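Asks: One structure follows; several queries about it will come next.
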RNA sequence: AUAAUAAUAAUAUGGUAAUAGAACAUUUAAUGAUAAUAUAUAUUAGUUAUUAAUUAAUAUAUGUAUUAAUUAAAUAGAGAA
RNA sequence: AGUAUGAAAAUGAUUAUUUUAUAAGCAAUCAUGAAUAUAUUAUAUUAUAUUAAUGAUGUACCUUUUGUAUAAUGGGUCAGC
Ligand SMILES: [Mg+2]
Ligand SMILES: [Mg+2]
Ligand SMILES: [Mg+2]
Ligand SMILES: [Mg+2]
Ligand SMILES: [Mg+2]
Ligand SMILES: [Mg+2]
Ligand SMILES: [Mg+2]
Ligand SMILES: [Mg+2]
Ligand SMILES: [Mg+2]
Ligand SMILES: [Mg+2]
Ligand SMILES: [Mg+2]
Ligand SMILES: [Mg+2]
Ligand SMILES: [Mg+2]
Ligand SMILES: [Mg+2]
Ligand SMILES: [Mg+2]
Ligand SMILES: [Mg+2]
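Chains as they are written, first to last, in this note's numbering: chain A, 54 to 156; chain B, 35 to 211; chain C, 20 to 138; chain D, 26 to 163; chain E, 23 to 73; chain F, 112 to 256; chain G, 54 to 377.
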């Protein structure tokens, strides 16, 4: 199904705890915050590993098709598109001189 | 003078100037059996050792008091003062009365810019700390100068901000002892 | 004729004592690690040190070879007998295929200085 | 003014009372397998009774499981040592049992030369200070 | 040769803010520089007083 | 030491000796003595009773010292000089004074003598001014209200 | 022949033996005897009393049992008897430990400020330290289910030698860890066990030997290391030292430069002394005159507060904390 | 009058070519319980004086061992062509 | 050149921790600071693991030779044989 990692990998209660923790904490998990569950009087303190922290945050995974090129040729542009915003990277690929940029 | 032990120092059979840290010399040294007096070559800044407690801080009943351990090697005549207060150099004075203290308050609340702490101190022959003690500035004045501090802080760069936090932590570490 | 009042009147004391001539400098509660296996004393037993060389405070010290036992009291408690970490070395020559493995796991005995004071 | 920094005391076994490091030992044997013959005959050779009488502060457990024979010793500090005594006789099993009993459970470690005293106490004679020293340099 | 290019895109409103928080915490945890710092006396004790 | 026990921290801005450590140590010792008293007068079930709590409560000590007329010898600072002294927190001051006496006895004369003193004149049933009597009055008042 | 009836019989028997704690059954518990010998408890402290110390006041189960889906399951313990739990022993141990530790710390350091004294008492007898002492002693918590103990037919002498209380199965499973009161915390239960053991030692020993609860406390608690110097944090020690000298009969403290090297450098060294007349009250070092002055004042204050009197001395009662 | 383990005194323990004892990993044949609360494999961290096995956690497969042990045999051990 | 499975290595890109732009050689061992990670007895003044501050020591391996770091032979690496 088309849904995020937090929605696909967590049980309902753990999802509610995690979402409430992120909401109270500003949008992301923090180690120790007793969270209050809505329409209930019970409180929780979720505990996660850094792998869980990284995997539960929103993200999208894109894969290309079979591209006719070399890794040494792709790296020349993938090292430029390092941590740029996607819109900026799209512009750079639009105005690059390399055949890999279209793909 | 109370104890007449022979005086000795940590000895090395090797050369202390060139082999200060070689432990074999200290190990192989041999002192004659008996009591000795060898002073500690350390500063007593963070110690609570009975041998370092000053006499005035010990109970009179303390037998350790009569004995002359915390040797007064240094003499206060030749050591110059450090960051000393003016009153401590020439003692404190108690000469202002209620009426002029009240008028000091009125001036401070009237024109804090014109009647500053140093100005009042000069006028009335007191200390700026005393001026702050007796008087109190205006809320507008304190607000504007807090805002000035905020502006100065905001104009800082990353390195100066980190350096100031470091200064704060270091100063806090001064007093832990 | 050995006056010891300076060491009597002291809230902290240290002692240098020798086991099999190896010296150890300890204070009340320290943890000594003898690099050998004590077969005379079993775990939980108490050792009375009778080869103390020096007893010292911040500014005074008593030296003896050894010091008289009556003056002081130094007792240790054996807390465990264990071993070092296992190591293996390859002893071999420059153009020899044969390698001989020399394996080492020594023995240690842990002591806790239970009481150190001057009587 | 004075404030306090919260602290917690550090235990010192042997300074007051001594608590024996070894708390429990478990002898696991198998009724099938020649690797457990030594453990079986040790268990039936009137020796475990002597061990219990000699060390009444250790809890001895005897268990059967399919596999190689084991000796499981759990200590006060929370750690645990397991020894497989496969294909050992009564005396060698006893030697392993003595080894487990006669040791603290600390993780085996490598030490440097002359690293034989560990202290929590501050130095009676404070650290050397060049300004406060009997002989001034040059 | 044929290759493939893969990408993982994240959000500035979650990941970057969390990373900034963690970096801030590390900065606050960083120890200060003391001119006469209590640098440990490295080396074994030896069983004798050298001072 | 008696004067130190009868002087509170609020007097002379703590320049002269005062009783805080004595208060704490006496409070702990008296609590232990009252716990053993509840045990003896074996059964570990009377340690949380309202009588047990009131036996050490501050009001009990304040009333005890008032009836024992040790008030005029106590050094402390009246918050508002002319008004009912109840509002001025006198219960705490005098409870502190009594606990200070307990602690001073314990520190100077010893645990055995302190226990004898606390189990004697204090904490008695046939004194009519003892902490026990005051506790019965207080529990009776609580029952009435 | 139903197995449910056999389980009912087992549960009833377990409840009865936990309600009565008979010595005939408790004396067969290897855990209790091993713990007894390990701690060298008095020979007249009954194994039933030790098991009473281990058991906790778990009489009525909570309503959160009805909702395991909400993150809490309690299927490990049986109701206890209101007259055979360890509540009173816990209270008595609290009293004894507080009194003894406070007295010991005071008599060692007569001049400690109240805040530092409280901090040290906590450092010695806090809940965490007591829980660590329990686990170090070997007090182990019952985590298995009564049904599992029935399935493997476990004698009750094994359960009687385990710490028992309403403990939440599912505590941190899947990283949830629903919060609860202290009545469902293992740390508090372990501390309760230690305090109850202290109380039982006293209860059995006071008559013949008034002491030996105090000796046990010195052995297992006051033997622990604690550097009192690491519990201080001053703000304005110059002002505090001036006030202290004024309160005493000492001449005003003036700070003076004793030695200096490396001025006009990254890391200079200044040695300053706070003299009260001709007598040095504090020695400070620093990379700045201000640092050295502060360190000297703090050193003088600490020498004063942490002064330790000899055991042979007439008792020292301090005039109270220096209040400015 | 042995075997195992331990204790004391004494002697000995570098090694190419070479000689002589002992043991371990892999596979196959004979005998051979147990079982998903188990077995096998892999990674990380511990234990046993450690080319090997074992304990814990995690991952995959499997209602499961040519299993522990004793024998008999090898297409039985590779940085060197 | 069967099917299924396949975190086997060599090899490539990226991320994370750590060190690295005044320092020189088989790249490793020991000594020793510092950062980070994990830890349901870290009670801590704790333990372990990873990491080119810094110091000392250190002339790859086989073959064949009286004798080789030798600028004498053989080897790009790994898996299988
Ligand atoms: Mg030299
Ligand atoms: Mg070689
Ligand atoms: Mg050769
Ligand atoms: Mg040979
Ligand atoms: Mg030889
Ligand atoms: Mg072959
Ligand atoms: Mg190969
Ligand atoms: Mg090889
Ligand atoms: Mg080849
Ligand atoms: Mg550089
Ligand atoms: Mg180079
Ligand atoms: Mg030739
Ligand atoms: Mg050569
Ligand atoms: Mg070359
Ligand atoms: Mg070559
Ligand atoms: Mg070639």
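Note that CB positions come from ideal geometry on N, CA and C, so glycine has one too.
Consider the C-beta atom of residue 52 of chain B and the heavy atoms of ligand 1; say whether any pair is separated by less than 7 angstroms.
Replies: Locating residue 52 of chain B in the second chain gives position 18, where the first residue counts as 1. Checking the Cβ of residue 52 of chain B against ligand 1 gives yes.
Asks: Quick check on this structure: which residue in C/90, C/45, C/49 has the alpha carbon closest to the alpha carbon of residue 71 of chain E?
Replies: Here residue 71 of chain E is taken as the residue at index 49 of the fifth chain, counted from 1. Minimum Cα distance to residue 71 of chain E is reached at C/45.
Asks: Does residue 59 of chain B have its Cβ less than 8 angstroms from a Cβ in chain G?
Replies: Walking along the second chain from the start, residue 59 of chain B turns up at place 25. Residue 59 of chain B does not count as touching chain G.
Asks: Out of D/53, D/133, D/37, which has the shortest C-alpha to C-alpha gap to residue 96 of chain C?
Replies: Residue numbering aside, residue 96 of chain C sits at position 77 when the third chain is read from its first letter. For residue 96 of chain C, the nearest C-alpha among the options comes from D/37.
Asks: State the start and end residues of the unbroken beta strand (DSSP E) segment that holds residue 314 of chain G.
Replies: Within the seventh chain, the letter at position 261 stands for residue 314 of chain G. Here the beta strand (DSSP E) through residue 314 of chain G covers 306-314.
Asks: Would residue 150 of chain F pass as a contact of residue 242 of chain F if the rule is Cβ separation under 8 angstroms?
Replies: For the purposes of this step, residue 150 of chain F is identified with residue 39 of the sixth chain, where counting begins at 1. For the purposes of this step, residue 242 of chain F is identified with residue 131 of the sixth chain, where counting begins at 1. Not closer than 8 angstroms, so no.
Asks: Could you confirm whether any beta carbon from chain C is found closer than 8 angstroms to the beta carbon of residue 69 of chain E?
Replies: Within the fifth chain, the letter at position 47 stands for residue 69 of chain E. It does: the Cβ of residue 69 of chain E has a partner Cβ on chain C nearer than 8 angstroms.
Asks: Going by the DSSP bridge assignment, what does residue 34 of chain C pair with across the sheet?
Replies: Here residue 34 of chain C refers to the residue found at position 15 of the third chain. C/45, C/74, per the DSSP bridge assignment.
Asks: With a cut-off of 8 angstroms, do at least 3 Cβ pairs link the segment 99-117 of chain C to the segment 316-333 of chain G?
Replies: No: the two stretches stay apart, fewer than three of their Cβ pairs being nearer than 8 angstroms.
Asks: Can you pull the DSSP bridge partners for residue 115 of chain B?
Replies: In the second chain, the residue the question calls residue 115 of chain B occupies position 81. Answer is G/309, bridged to residue 115 of chain B.
Asks: May I ask you to list, following chain order, the residues of the segment 212-240 of chain G that have a beta carbon less than 9 angstroms from some beta carbon of chain A?
Replies: Those would be 225, 227, 228, 229, 230, 231, 232, in chain order.
Asks: Can you name the start and end residues of the beta strand (DSSP E) that residue 294 of chain G belongs to?
Replies: Looking up residue 294 of chain G in the seventh chain gives position 241. Counting along the chain, residue 294 of chain G falls outside any beta strand (DSSP E), though it belongs to the alpha helix (DSSP H) covering 290-300.
Asks: So the beta strand (DSSP E) residue 98 of chain D belongs to, where does it begin and stop?
Replies: Here the question's residue 98 of chain D lines up with position 73 in the fourth chain. Start and end: 95-100.
Asks: Check whether chain E comes within 8 angstroms of residue 150 of chain D, counting only Cβ atoms and requiring the distance to be less than that.
Replies: Numbered from 1 along the fourth chain, position 125 holds the residue referred to as residue 150 of chain D. Output row for residue 150 of chain D: interface = yes.
Asks: To the nearest angstrom, report how far apart residue 255 of chain G and residue 148 of chain F are at their CA atoms.
Replies: To locate residue 255 of chain G, count along the seventh chain from 1; it is residue 202. To locate residue 148 of chain F, count along the sixth chain from 1; it is residue 37. So the two alpha carbons sit approximately 14 angstroms from each other.
Asks: Ordered along the chain, which non-local residues of its own chain (more than five positions away) have a Cβ less than 6 angstroms from that of residue 81 of chain C?
Replies: Along the third chain, one-based indexing puts residue 81 of chain C at 62. Counting only Cβ-Cβ distances below 6 angstroms, and skipping sequence neighbours, we find 74.
Asks: Quick check on DSSP: helix, strand or coil for residue 116 of chain A?
Replies: Stepping through the first chain from its first residue, residue 116 of chain A is reached at position 63. Three-state result, residue 116 of chain A: strand.
Asks: Pick helix, strand or coil for residue 123 of chain G, following the three-state DSSP scheme.
Replies: For the purposes of this step, residue 123 of chain G is taken as the residue at position 70 of the seventh chain. Residue 123 of chain G: coil per DSSP, three-state reduction.
Asks: Taking 8 angstroms as the threshold, find out whether the segment 238-258 of chain G comes into contact with the segment 73-85 of chain G through three or more Cβ pairs.
Replies: With the cut-off at 8 angstroms, the segment 238-258 of chain G and the segment 73-85 of chain G do not touch.
Asks: To the nearest angstrom, how far is the alpha carbon of residue 181 of chain B from that of residue 187 of chain B?
Replies: Sequence index remark: in the second chain, residue 181 of chain B carries index 147 (1-based). Sequence index remark: in the second chain, residue 187 of chain B carries index 153 (1-based). For residue 181 of chain B and residue 187 of chain B, the distance between alpha carbons rounds to 10 angstroms.
Asks: Quick one, which of G/351, G/126, G/344, G/173 has its alpha-carbon nearest residue 153 of chain G's?
Replies: Taking the seventh chain and counting its residues from 1, the one referred to as residue 153 of chain G is at position 100. It is G/173.
Asks: Would residue 41 of chain D and residue 280 of chain G be called neighbours here (beta carbons separated by less than 8 angstroms)?
Replies: Taking the first residue of the fourth chain as 1, we reach residue 41 of chain D at position 16. Taking the first residue of the seventh chain as 1, we reach residue 280 of chain G at position 227. Cβ distance not < 8 angstroms, so residue 41 of chain D and residue 280 of chain G don't count as in contact.
Asks: Shortest alpha-carbon distance to residue 190 of chain F belongs to which of F/236, F/116, F/114, F/121?
Replies: Against the sixth chain, residue 190 of chain F aligns to sequence position 79. The residue with the shortest Cα to Cα distance from residue 190 of chain F is F/121.
Asks: Since residue 63 of chain D is in the alpha helix (DSSP H), which residue starts that stretch and which ends it?
Replies: For this step, residue 63 of chain D is matched to residue 38 along the fourth chain. Residues 62-68.
Asks: Are there any heavy atoms of ligand 3 lying less than 7 angstroms away from the beta-carbon of residue 117 of chain C, as far as the coordinates show?
Replies: Taking the first residue of the third chain as 1, we reach residue 117 of chain C at position 98. No, Cβ of residue 117 of chain C sits at least 7 angstroms from all heavy atoms of ligand 3.
Asks: Determine the closest residue to residue 213 of chain G out of G/96, G/204, G/130, G/258, with distance taken between C-alpha atoms.
Replies: Here residue 213 of chain G refers to the residue found at position 160 when the seventh chain is read from its first residue. Closest option to residue 213 of chain G, Cα to Cα, is G/130.
Asks: In the segment 227-272 of chain G, which residue ranges form an unbroken alpha helix (DSSP H) of at least 4 residues, counting only runs that do not cross its ends?
Replies: Runs of the alpha helix (DSSP H) inside the segment 227-272 of chain G: 239-258.
Asks: What did DSSP end up calling residue 328 of chain G once you bin it into helix, strand or coil?
Replies: For the purposes of this step, residue 328 of chain G is taken as residue 275 along the seventh chain, with counting starting at 1. It is a strand residue.
Asks: Answer with yes or no whether the minimum CB distance from residue 121 of chain A to chain G is below 8 angstroms.
Replies: Here residue 121 of chain A refers to the residue found at position 68 when the first chain is read from its first residue. Judged by the 8 angstroms Cβ criterion, residue 121 of chain A is not in contact with chain G.
Asks: Would you kindly work out how many angstroms separate the C-alpha atoms of residue 130 of chain B and residue 140 of chain B, rounded to a whole number?
Replies: Looking up residue 130 of chain B in the second chain gives position 96. Looking up residue 140 of chain B in the second chain gives position 106. Looking at the two C-alpha atoms, the distance is approximately 15 angstroms.
Asks: On the CB-based measure, 16 or more other CB atoms within 10 Å of its CB, does residue 178 of chain G come out buried or exposed?
Replies: By 1-based counting over the seventh chain, the position of residue 178 of chain G is 125. Buried, by the Cβ-count rule.
Asks: Between the C-alpha atoms of residue 71 of chain D and residue 76 of chain G, what's the straight-line distance to the nearest angstrom?
Replies: Start at 1 with the first residue of the fourth chain, and residue 71 of chain D comes out as number 46. Start at 1 with the first residue of the seventh chain, and residue 76 of chain G comes out as number 23. So the two alpha carbons sit approximately 28 angstroms from each other.
Asks: For residue 27 of chain E, which three-state DSSP category applies?
Replies: As a working mapping, residue 27 of chain E is identified with position 5 in the fifth chain. In the structure shown, residue 27 of chain E sits in coil (DSSP, three-state: anything other than H, G, I, E or B).
Asks: How about residue 111 of chain C: is its Cβ closer than 7 angstroms to a heavy atom in ligand 2?
Replies: Along the third chain, read from residue 1 onward, the residue named residue 111 of chain C stands at position 92. Yes.
Asks: Return the chain-ordered ranges of every alpha helix (DSSP H) run that is complete within the segment 169-193 of chain F and spans a minimum of 4 residues.
Replies: List check, alpha helix (DSSP H) in window: 169-178.
Asks: DSSP three-state label for residue 54 of chain D, please.
Replies: The sequence position of residue 54 of chain D within the fourth chain is 29, counting from 1. Residue 54 of chain D falls in the strand class under three-state DSSP.
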